[PDB]
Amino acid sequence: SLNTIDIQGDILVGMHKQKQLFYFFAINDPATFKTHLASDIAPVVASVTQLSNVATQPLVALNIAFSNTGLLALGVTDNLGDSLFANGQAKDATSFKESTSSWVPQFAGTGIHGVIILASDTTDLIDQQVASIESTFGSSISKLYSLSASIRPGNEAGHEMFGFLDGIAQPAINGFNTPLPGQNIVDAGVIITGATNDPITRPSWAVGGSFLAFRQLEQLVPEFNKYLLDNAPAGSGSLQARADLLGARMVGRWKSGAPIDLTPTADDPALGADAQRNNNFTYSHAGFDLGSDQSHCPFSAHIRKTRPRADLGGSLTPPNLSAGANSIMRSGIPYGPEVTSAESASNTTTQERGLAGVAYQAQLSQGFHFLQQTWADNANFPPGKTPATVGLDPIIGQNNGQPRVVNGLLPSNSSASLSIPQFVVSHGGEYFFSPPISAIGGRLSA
């Protein structure tokens, strides 16, 4: 069974602090680094057990993950069982129809050896922890890049930068989570390496870890808002209400969290707020042909592209359990400043903001990489539809900088096509392995 005392907390619980820092480092002296990894990092790594208890949240929650080159630097030559992780995200960029020439330069390579995730309710406490780490490790650790992130303010807390409530939908791990209505239920080994029904044999010290896909995804918020107004479907409501409908058609949920599949023509903010109801759907509706009906939710909507539910078979009534092996745990957090008055008034981004994307899975080829390449970026996914060309995911779908053709968004005519500029721009990232806590002061410090 699942040993949550040994699993790093961000994987299954999230840090649930107002502020986070992603501190990307190189290891310069493995002997000194190992000594301090065991003495200074391991004792303050937050576990799932610790973060699951309202009364044991630390002042600074800390997790740590290593890239392939970081494990090599530590003398760990084992095969962790993941070719994508071993090769690094830069080499995978073409799989997503993007180029590393657009990336943060530090990500366009394999010089990054790991990431420390620090989380606290204030940045001052994060900075103090960083200063301590740099003091005790000396030059054996070196900062190559960092990204600060924060929960958004006020009534946008928990929403991403486009304004949509985020963090609603996650896989439930059988035997660990109590499933919510409509939630997929998966074996622990989909997320945790070496856990139940992970088919890939792992090094013994790596049991209890997970692969972390980090993505710095810039969001063009004023441009997105203006696009919705400019393309809003005709109807009797206000222009902004119709623009909001188009945005909800693109995501698959209203900004409140209400799923369009259950409320297709107007928001239901009470539904969006209710975790017992807001995920209780499969995309099937009796009396409608699943292969052609886009009146409830477009086939191209973001959440339908990333968790297809009945589009990949299984139960037509909730819970649908299809494609459990393609599940990911998400712990992303927004970054950058809030949109300023001048940016909104000019419909133009002038500062970088977006999502610090964090996806956890036991197999990169089945999780993040698969969702991006085989589903979101695939104009013929989901399969078996009419028209067969679904188009790309309007939120994350990529085609080498081209405008994306996205079909089915307009309720009055499912054959109507839109050519949509990117509103999310990748600045790159890296693939890491978040080890079990025992490996931090154990194998990795040996």
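In this text, residue numbers run from 1 along the sequence as written.
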Residue stretch of maximal mean CA temperature factor, 126-134 vs 237-245: 237-245
Which of 67-75 and 285-293 has higher mean CA B factor, as the PDB entry lists it: 285-293
Residue selected from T32, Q398, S414, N378 by maximal Cα B factor: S414
Selection from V390, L410, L37, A46 [criterion: highest C-alpha temperature factor in the record]: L410
Modelled-residue ranking by C-alpha temperature factor, third containing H16: highest
Record-listed C-alpha B factor of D268: chain third: middle
Lowest, middle or highest third - CA B-factor, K91: highest
Position of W103 among the chain's modelled residues by C-alpha B-factor, lowest, middle or highest third: middle
Entry-reported Cα temperature factor of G175, expressed as the chain third it lands in: highest
